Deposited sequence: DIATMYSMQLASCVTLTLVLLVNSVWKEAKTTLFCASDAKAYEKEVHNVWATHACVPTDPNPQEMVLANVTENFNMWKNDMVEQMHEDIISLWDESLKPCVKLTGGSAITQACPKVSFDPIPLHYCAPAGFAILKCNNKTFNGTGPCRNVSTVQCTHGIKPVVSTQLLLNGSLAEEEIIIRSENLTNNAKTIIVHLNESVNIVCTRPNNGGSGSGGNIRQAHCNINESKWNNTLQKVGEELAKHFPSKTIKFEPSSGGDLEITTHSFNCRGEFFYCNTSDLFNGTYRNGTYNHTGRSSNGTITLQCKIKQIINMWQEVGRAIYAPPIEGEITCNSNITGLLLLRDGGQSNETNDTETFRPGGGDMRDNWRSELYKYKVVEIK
């Protein structure tokens, strides 16, 4: 029961016959998930976590790269993946649903494998991921460091349908989200107007909302979405909302989180992304690895 590093393995609901690329790679590189798991539980116990220095993230990343690599050289839709600890090791599961992802957690558990986590590669918005119980959750290695990305966990999901391209969000549900977000942000930022602006520059995946459906790459315009200023009170202005998406050569998913970046009297944030290690950090903030 001492924190260490070791080579994890993955389990999948993979089906041999399914030619779906994930199932093809999964079956080969993965083993059946254990049906009857299997949690121990602790309380009054406190452990130091750190979603920002977590070897588990690196392992998942390497597998997904290799996943896409083998894949590309048609069926495509990600599967919930599980990551398990070798005999001699276990995985601490922090149960404090208020955890900022860094520091001490006074309420932890013990499992061998992680929950089903779909490897969905995207930018600006995390999709099909898990939700935050209760309040909006806010995470960053260093807020004082505007250069470090900010991960915002959603406690209520928003549906999305990009198809052809164009995508759609419910205005009513979006503005609801952002006010509560500027609120949480206002908690971390005092006498400062919290503005939201589209990605200021850089690669096309990073400046638009990017993601892949059925094997097609969708790069969608985000200018309308990140166009709101929120002082004490709050109000988002933009042209339901529609975002123009480009294609390459229909899918309905749930938005569950955000990636923000602050600019160095006001504090404006923009959408980030790129390093998919955050998409992972988004789902592996709760896990940690110890040898017994």
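- Gaps in the model relative to the deposited sequence occur at 1 to 25, 99 to 115, 207 to 220, 296 to 300, 311 to 331, 347 to 353, 382, listed in sequence order.
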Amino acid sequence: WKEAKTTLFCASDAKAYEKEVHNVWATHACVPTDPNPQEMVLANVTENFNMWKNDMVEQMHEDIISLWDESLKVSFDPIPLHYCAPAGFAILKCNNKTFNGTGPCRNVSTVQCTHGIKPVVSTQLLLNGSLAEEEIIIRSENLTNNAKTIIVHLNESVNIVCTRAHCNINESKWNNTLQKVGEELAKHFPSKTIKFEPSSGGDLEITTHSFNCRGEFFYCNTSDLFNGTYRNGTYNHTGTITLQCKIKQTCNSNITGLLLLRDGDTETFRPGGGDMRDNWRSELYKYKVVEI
From here on, numbers count along this sequence of modelled residues.
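- As recorded in the PDB entry, 94 to 102 is the stretch of 94 to 102 and 111 to 119 with the greater mean C-alpha temperature factor.
- Two stretches are in play, 132 to 140 and 79 to 87, and the higher mean C-alpha B-factor belongs to 132 to 140.
- Highest C-alpha temperature factor among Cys162, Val152, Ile206, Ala147, as the PDB entry reports it: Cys162.
- Highest CA B-factor among the listed residues (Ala43, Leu258, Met56, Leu261): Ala43.
- Annotation for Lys286: CA B-factor lies in the lowest third of the chain's modelled residues.
- When the CA B factors of the chain's modelled residues are split into thirds, the value for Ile64 lands in the lowest one.
- Among the modelled residues of its chain, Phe226 has a C-alpha B-factor that falls in the middle third according to the deposited record.
- The PDB entry assigns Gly201 a C-alpha temperature factor belonging to the lowest third of its chain's modelled residues.
- In the PDB entry, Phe9 places in the lowest third of its chain by CA B-factor.
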